[PDB]
Amino acid sequence: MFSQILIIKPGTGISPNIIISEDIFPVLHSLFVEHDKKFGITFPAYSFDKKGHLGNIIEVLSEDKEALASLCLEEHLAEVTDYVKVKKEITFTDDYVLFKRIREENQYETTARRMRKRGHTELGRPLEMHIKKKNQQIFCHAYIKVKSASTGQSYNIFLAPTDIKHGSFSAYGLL
Amino acid sequence: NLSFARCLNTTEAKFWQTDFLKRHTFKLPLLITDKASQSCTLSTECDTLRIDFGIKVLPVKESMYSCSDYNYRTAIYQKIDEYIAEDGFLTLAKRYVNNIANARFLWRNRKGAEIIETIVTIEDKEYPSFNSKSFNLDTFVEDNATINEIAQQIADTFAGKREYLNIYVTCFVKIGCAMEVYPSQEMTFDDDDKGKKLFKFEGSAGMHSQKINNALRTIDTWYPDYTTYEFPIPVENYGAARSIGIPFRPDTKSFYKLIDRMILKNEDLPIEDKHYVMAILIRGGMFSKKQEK
Amino acid sequence: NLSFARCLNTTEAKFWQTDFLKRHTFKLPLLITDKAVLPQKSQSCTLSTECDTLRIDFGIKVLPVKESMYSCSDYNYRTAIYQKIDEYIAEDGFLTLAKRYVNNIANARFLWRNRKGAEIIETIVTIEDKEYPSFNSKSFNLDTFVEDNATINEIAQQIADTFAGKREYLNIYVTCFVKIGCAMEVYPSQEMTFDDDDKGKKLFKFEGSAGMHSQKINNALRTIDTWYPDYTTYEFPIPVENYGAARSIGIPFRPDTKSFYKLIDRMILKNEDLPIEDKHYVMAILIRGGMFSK
Amino acid sequence: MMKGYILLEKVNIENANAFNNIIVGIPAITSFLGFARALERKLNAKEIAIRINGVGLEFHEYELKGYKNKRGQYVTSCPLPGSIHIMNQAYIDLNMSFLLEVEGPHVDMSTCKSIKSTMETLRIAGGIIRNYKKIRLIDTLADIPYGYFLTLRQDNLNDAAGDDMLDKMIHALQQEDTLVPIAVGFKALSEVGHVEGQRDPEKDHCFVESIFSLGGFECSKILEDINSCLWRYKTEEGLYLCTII
Amino acid sequence: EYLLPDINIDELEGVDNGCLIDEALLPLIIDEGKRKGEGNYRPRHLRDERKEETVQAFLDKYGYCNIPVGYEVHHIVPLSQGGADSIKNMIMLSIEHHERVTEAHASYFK
RNA sequence: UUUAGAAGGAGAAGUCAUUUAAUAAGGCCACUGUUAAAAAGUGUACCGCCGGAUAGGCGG
């Protein structure tokens, strides 16, 4: 739908993955929770020859001009302006690609209690081997490392592109 | 076999743990925890990380090291004399003043931090406190209170009025408490430990001063297609950067053809071009012509 | 076939760390600290923290110039050289060369790169005691040679006495003090790297300290030359070599008609008389020594 | 109708006839020229209608089928004669490559499959194909791997001391070691008529003898020209020959 | 002639379908990268080519429709001291394992 | 349409014996190693659950 372009500036010797995973999303989660989770993020810089790549360009997707007008990222985010650059050029574009959230974490002792409690079966050769393979394919993907709030720990979030151009969003800006 | 030498000599930065209010006193060493990947962090008491390094300034034509031709030395001396009688080596000194002033040397410690303060002291005099957040990154502010007083001594030491200059720079970030700050690693020396090592000298951490040198060397805004990219670039032989991936001067604006048309042709190149050639002369290095191979 | 040993033998130096007020009392070793670049590793030595200045003490040995005359191939050559030596004693006295060498110590131009940017140099020499810090106290210049004073006269007179025939040895100590700065970069002599595994800046360390080579000092002590062609338009004294070729400039100053080959072809084998300017160079060659074959 | 060149890369041949007339080792170049002509005929039997004119040779490895006796001279091997005593033969294991100057329409991303299919019923100087490495159509000067090209250097063949070829060949051969004898085409006689006993009676028959010259080896990096190699057919009034001009 | 691994036949251990799944076996892969092809390095032009059959090799190695997005391709002596594109001389790896062995092989193949 | 087309290398064996190299020796003397550099990609990937198939999905 409606898109806003936001750019980063290479040349400082540091890749901006830390600056988009720590100085963008932990400070945007509060306004995502406040504003009923009606915004998304995307990038037209896919490069999956061997590893995951992000490029240097981010776009914020909203379904109406009022949301992008009332976001006003140029002024409230005036702390990392030496690295990020804002564009007050919100309009409608027909070249938007949507993104969904896919999550698959390790499940040995997270659900060992559930497997000894709810349903028990022999997990020696076939099934436990199914865990790490399920933790391998999604592993070979462009990830984002964020921080929790309840119990302090970091983890991996994988953002997969999709063809579903319409729908609702979540706290991470995905679905 | 023309080759200059550095007119800006760097000393290795050292990390010292420091509490909040007593920044001047109570400096403690910073040891590195070897974890299985060397890394370290600040403790629950000290919440200020100090950087101490030195810059030695020696004049440019006295920094000339190797030449197999007297006429090249005479032409270089004439060009330097014309630059002294034309500009006076003040703008490059002002740019190094701005680059040491804005605390651009910490690199990764700058992001995520607000309270960064540096103090630049001459051998007998110091300077007041600094607000290094207030400066920008892609500009060069050339009109302040004490900028002329701090830049004139460096300009005269570059020119030849003062034979020596010694600069002690001590800077510190203060806002974070029990956070982590990692020095530049010691490369892949021995692969017995596959993890990332850190910098260790004199029983502490610190910073490689090649990092500080390439921090202060990033003032070049005279490259071709400046309006397309719009940031300073370190003053290198080709102006190349390994981050963006595009060499900025693969053309006649690069140093080889520039100095060929400056010396072997005696061209009247404009002010920014001769600014670039005196910046790369200040940086120093192996400037010899290519042997016939 | 002819050879000449060194009329004077210096000492491969060391580096130590003192202060301005603890210059004679407190000393500390200066160790080489390795560094990483870019790849490669460079062993860039540096002055340690919590200092103010820099110690470097070595020793110089002076011996008579007729005793150091090495393996020759003719007794007539020895008599001719000794005849020129006693003529130089009778008309001058081997003391102008001593004055110029002690002035070369008195400008202390053996530090090379550590002279650049240095605050103060203090060369202390002990013939038997410390005469005066005058040596390198008042700043010198490489355009005039400082006559008068007293230490220059007495040390040049004793060095001339040891030079000609009046002594057999003299052992004095060049303990010079370079105030580079607090934790600044010190340039030691760099070892010639002969391996590509770690092809960085391999440096020269002493037995528990930072060192510097003897030829870094000895080749920087023969800087005296005011008797060479085109001195009036060059106006600086080049160091003394065989052909006179100075690699710092790249233009060979001497070997037009005043090199050592011309002097050895118009001397000794054929008897000719040459002036004081054409004799002080050829007697400053003998203090340096070398291999004068062919 | 566009001019190009194909590359037969790393063709290894066992038991190629290395005993042409006098030269043991490198065979006569007319073997490779007739191999290119047989490939041209095989492609002409198909309706591709593609012509080939020009061939250059790039040697990589060689194995004379024998060993060293005492000091360095070679002793060669042979199979057992049977139903119809041995008289004179020798064999070699070659590992060489071909440049074929290809002139004809519809060449780009084509005729390589036809060359691959028609190569399997071919012999290079009477030796088995086994497994050539690749067929390539890269149109650059620096399309050659690290091999050595056998060219026609008529410098010591032409200007040397000695009154005639015989009193000149060995004298031109002492001072240069890379230069080697090469059989270069063949012409002897006349009477081109239709006398019986021919392999094909509806052709021209002659009694022909081999002729010789010199050759040399140069690398892929250092070179002079494509026109200094890629040997060509030539014909005269009974003086059929192969040469580089 | 290029070497081959001495153990890769079928799903033995730590493996579901071709890919190295379980841990505590990468030392075995690192000593299979060792113990074969030491001191016998060849020049760059004396190396096995990378053929275009490899896409069909990933097609019919085990039944994959194409090259997986979540997996890569690796050998045990990559472009140094032997190794060829056979039917068995490839072991597909994970991101961390390939990143570790790119420096682990260069530790001895400096 | 190529000095094209074709071909069984075989079976068997004793190399053996002792043997003193050693005496003598001067590598030498002197030549500033210096200029200049980006190690760090984010260096780690947790629970509350609904789900009872270890399917798959919401929040901190």
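For the structure itself, consult the block above.
Residues and elements named next belong to chain C. Sheet architecture is open: 4 strands sit in the order β1-β5-β7-β6, paired in antiparallel fashion. A single partner strand is all that each edge strand has here, and the edge strands are β1 (8-9) and β6 (121-124). Bridge count for strand β5 (residues 54-62) against strand β7 (residues 170-178) is 9 bridges, and the pairing is antiparallel. Within β7, the position partnered with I60 by the bridge is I172.

The next thing to look at is the interface of chain B and chain C. Counting residues at the interface gives 28 residues for chain B, matched by 26 residues for chain C. When the buried surface of chain B facing chain C is broken down by residue, B:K56, B:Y70 and B:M187 rank first, second and third, together holding 23% of it. For the pair chain B and chain C, the number of links is 0 salt bridges. At the junction of chain B and chain C, the tally comes to 4 residue pairs in polar contact. At 3 residues, the largest contribution of residues to the side of chain B that touches chain C is made by strand β8 (residues 165-173) of chain B. A class-by-class count of the residues in the side of chain B that touches chain C yields 9 nonpolar, 10 polar and 9 charged.

All right, on to unusual backbone geometry then. With a phi close to 60°, A:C72 is a non-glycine residue in the positive phi region. By the element assignment, A:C72 lies in the loop between α3 (65-71) and α4 (73-76). Although it is not a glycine, C:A183 adopts a positive phi angle of roughly 60°. In this fold, C:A183 is placed in the loop between β7 and β8 (205-206).

As a further point, take the protein's contact with RNA strand F. Taken together, 105 residues lie near RNA strand F, and B:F4, B:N214, C:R113, C:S189 and D:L80 sit nearest. Close to the protein, within 4 Å, the atoms of RNA strand F are drawn from sugar and phosphate at a rate of 67%. Between RNA strand F and A:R114, the relevant distance is 2.7 Å, taken from a base oxygen to a side-chain nitrogen or oxygen of the residue. Here A:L127 contributes a backbone N or O atom positioned 3.3 Å from a base nitrogen of RNA strand F. Sort the elements by how many residues they give to the surface near RNA strand F and helix α1 (residues 29-45) of chain D lands first, with 7 residues.

All names here are of chain D. Following the sequence through the fold, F19 ends up in the loop between β1 (3-17) and α1. Taking the C-alpha atoms as reference, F19 lies 28 Å from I6; in sequence the two are 13 residues apart. What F19 contacts, discounting residues up to four positions off in sequence, is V24, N88, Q89 and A90.

Turning our attention to a positive patch on the surface. All names here are of chain D. A contiguous patch of positive charge, built from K113, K116, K133, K134 and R136, is present on the exposed surface. Residue assignment for the positive patch shows that the elements contributing at least two residues are α2 (112-119) and β7 (134-136). Mapped onto the elements, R136 comes out in strand β7. The class of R136 is partly exposed, set by a relative accessible area of 40%.

Residue and element names in this part refer to chain D. When β1 meets strand β6 (residues 91-103), the two strands line up antiparallel, connected through 11 bridges. Bridge assignment links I6 to a residue of β6, and that residue is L100. As paired strands, β1 and β7 are joined by 3 bridges and run antiparallel to one another. When the sheet's bridge partners are listed, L7 is paired in β7 with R136.

What follows is about the pairing of strand β8 (residues 148-151) of chain D. Residues and elements named next belong to chain D. Bridge count between strand β2 (residues 51-59) and β8: 2 bridges; the pairing is antiparallel. If you follow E58 over to β8, its bridge partner there is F149. In this sheet, strand β10 (residues 210-219) lies alongside β8 in antiparallel orientation, the contact comprising 4 bridges. Residue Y148 lies in a different strand from β10, and its bridge partner there is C219.

Evaluated as defined, the whole model comprises 36 aromatic pairs over all chains. With 5.9 Å between their ring centres and 40° between their planes, B:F231 and B:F248 make a pair best called tilted. Placement of the pair is B:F231 in the loop between α5 (226-229) and β11 (233-234) and B:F248 in the loop between β11 and α6 (255-263), with a sequence separation of 17 residues. Across the pair, B:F248 and B:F231 agree in class, each one buried. Connected via pairs of aromatic rings, a cluster forms that spans B:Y70, C:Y228, C:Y231, C:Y234, C:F236 and C:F253. Residue placement shows B:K211 over the ring face of B:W107; its charged tip is 4.3 Å from the ring centre.

With that out of the way, let us pick up a nonpolar patch on the surface. Side chains of B:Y229, B:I244 and B:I246 sit close together on the surface and give an oily, nonpolar patch of about 200 Å² of accessible area. Mapped onto the elements, B:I246 comes out in the loop between β11 and α6.

The next subject is the sheet that holds strand β8 (residues 154-162) of chain A. For sheets, the rule is that strands pair by backbone hydrogen bonds, running either parallel or antiparallel. Residue and element names in this part refer to chain A. Taken in spatial order, the 3 strands of this open sheet run β6-β8-β7, and their pairing is antiparallel. Whereas interior strands pair on both sides, the edge strands pair on one side only; in this sheet they are β6 (98-102) and β7 (143-147). For this sheet, the mean inter-axis angle between neighbouring strands, taken without regard to orientation, is 40°. Taken together, the 5 bridges between β7 and β8 define a ladder with antiparallel strand orientation. Paired with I144 across the bridge in β8 is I157.

Quick look at the arrangement of the chains now. By contact count, the dominant pairing among the 5 pairs of chains in contact is that of chains B and C. Spatially, chain A is disjoint from chain D: no contact exists, and the shortest C-alpha separation is 26 Å. If you take every C-alpha in chain C and every C-alpha in chain D, the smallest gap between them is 28 Å, and the two do not touch.

So, on to a negative patch on the surface. Residues and elements named next belong to chain C. On the surface, a cluster of negative charge is contributed by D34, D195, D196, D197 and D198. In this structure, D195 sits in the loop between β7 and β8. Accessibility expressed as a relative area gives 48% for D195, which makes it partly exposed.

So, about the pattern of salt bridges. Once the charged atoms of two side chains with opposite charge are near each other, the side chains can pair. Enumeration according to the criterion identifies 36 salt bridges over all chains in this entry. In this structure, the salt-bridge partner of E:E23 is A:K132, at a minimum N-O distance of 3.2 Å. Of this pair, E:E23 sits in the segment before α1 (26-33) while A:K132 is found in helix α6 (residues 129-134), placing the two residues in two different chains. E:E23 sits in the partly exposed class, given a relative accessible area of 33%. Accessibility expressed as a relative area gives 25% for A:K132, which makes it partly exposed.

Thresholds, definitions, all that
Residues numbered from 1 in each chain as written, not as in the entry; some residues may be left out. Chains lettered and ligands numbered in written order. Part of a larger assembly, values for the part shown. Heavy atoms only, no water. Pairing = 2+ DSSP bridges. Helix = DSSP H or I, 4+ residues; strand = E, 2+ residues; numbered from the N terminus. Contact = heavy atoms within 4.5 Å. Buried area = accessible area lost by both parts, 1.4 Å probe. Salt bridge = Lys/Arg side-chain N within 4 Å of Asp/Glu carboxyl O. Polar contact = N/O pair within 3.5 Å; in protein donor to acceptor, adjacent residues only side chain to side chain. Nonpolar A, V, L, I, M, F, W, Y, C, P; charged D, E, K, R; others polar. Near = heavy atom within 4 Å. Patch = residues over 30% accessible without salt bridge, like charges linked within 9 Å, V, L, I, M, F, W, Y side chains within 5 Å. Areas by Shrake-Rupley, 256 points an atom, 1.4 Å probe, with all protein chains shown as cover. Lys, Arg positive; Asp, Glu negative; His and termini not counted. Charge placed at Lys NZ, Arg CZ, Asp CG, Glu CD. Buried < 20%, exposed > 50% of the residue type's maximum accessible area, 1.4 Å probe, protein only. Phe/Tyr/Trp six-rings, centres within 6.5 Å; stacked < 30°, edge-to-face > 60°. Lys NZ or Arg CZ within 6 Å of the ring centre and 35° of its normal. Axes fitted to C-alpha atoms, helices over the stretch in contact; angles between N-to-C directions.

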